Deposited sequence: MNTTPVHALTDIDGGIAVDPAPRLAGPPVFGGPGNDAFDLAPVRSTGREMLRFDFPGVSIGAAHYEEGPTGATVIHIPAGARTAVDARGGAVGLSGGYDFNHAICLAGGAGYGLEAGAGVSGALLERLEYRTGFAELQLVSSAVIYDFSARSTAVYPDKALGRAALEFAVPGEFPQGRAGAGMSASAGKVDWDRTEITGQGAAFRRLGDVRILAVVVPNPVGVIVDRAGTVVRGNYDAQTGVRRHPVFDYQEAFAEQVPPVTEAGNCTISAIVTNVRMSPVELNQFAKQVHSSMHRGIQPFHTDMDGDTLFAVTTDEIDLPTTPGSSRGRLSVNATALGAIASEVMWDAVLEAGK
């Protein structure tokens, strides 16, 4: 209601990358979102051997980017203010290797030109998905390259796909952790386009607009999911240590076509990222490594007439698109 997807407790000491001839698989997930956003392509690939994967947002023209990183365990490479691709992956910090696969592939496509203005810029972020499985396989260069090679315009594989293969929510106790997925949502308003992509691996739980906990912290003894604050407040009431496992974060992107200055884009990124504490609770905690990329293709000038009404209004809309994406990941 929704049915549980308990991850079960991890088994450590399983086989790693060296044990397999790892075969990239194109991730299709549970269903395909289709959208109209020329110049923005998405690819997703996984290793069944994990299972673990990578999701690549490819913007071949390059696009201005703001990064908003929060919590105590961020796993980020590049974090550039201009990107040709964003690579999201499992495997904790080891999975940043997938982004090197994307960077090297883009250098090849550029016929190995290395002038400073031709540098192919990939920002990468990762989730700790080793809790959700019993292997040590992680996204490697080959998997990042595969995700890029599978990238097509206007498609996103919802659910257990790419970086979302082994994403999970609700880390108060691993016995109550549930598999999430990745999610995406898209809106067009006049000529304005907003795409949200998210891979929620939070310490917290996914919450819908009614306040219902819909994924994470499921107790098989009760058949019910609980907001973590109730666990935490009873630990403090009982004067016992609260418990929670490390290895959490949400990694996300907003892509829009609206021209924004560097200041507007950074403020927009912060607003949208804070808004995600509506659908993920708690969020931005010391136990999380939350990283949001806000990307603009700089195509549309909004009509007007030092503080940006347009960034605030766009931020409010983009916040709703992102909440929709979080709910798709949890579905």
query: Unmodelled intervals of the deposited chain, in order; finding: 1-18, 324-329
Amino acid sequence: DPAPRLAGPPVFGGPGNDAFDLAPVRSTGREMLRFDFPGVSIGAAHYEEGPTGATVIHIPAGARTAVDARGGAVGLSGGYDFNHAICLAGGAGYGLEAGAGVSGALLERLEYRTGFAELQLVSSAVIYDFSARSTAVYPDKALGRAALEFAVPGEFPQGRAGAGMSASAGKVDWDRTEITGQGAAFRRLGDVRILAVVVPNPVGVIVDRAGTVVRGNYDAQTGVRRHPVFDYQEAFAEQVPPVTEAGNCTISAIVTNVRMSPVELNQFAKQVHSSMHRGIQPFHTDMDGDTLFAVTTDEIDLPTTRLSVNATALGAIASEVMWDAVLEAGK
From here on, numbers count along this sequence of modelled residues.
item: 273-281 versus 47-55 - greater average Cα B-factor per the deposited record; value: 47-55
item: Mean Cα B-factor comparison, 322-330 or 3-11, giving the higher one as deposited; value: 3-11
item: Residue with maximal Cα B-factor (values as given in the PDB entry) among 228, 159, 95, 72; value: 72
item: Residue, from 238, 129, 178, 81, that the PDB entry assigns the highest Cα B-factor; value: 238
item: Residue 31 CA temperature factor, ranked by third within the chain; value: highest
item: Chain third (lowest, middle, highest) by recorded CA B-factor, residue given as residue 291; value: lowest
item: CA B-factor ranking of residue 258, expressed as a third of its chain; value: middle
item: Chain third (lowest, middle, highest) by recorded CA B-factor, residue given as residue 304; value: highest
item: Residue 215 by Cα B-factor - lowest, middle or highest third of the modelled chain; value: lowest
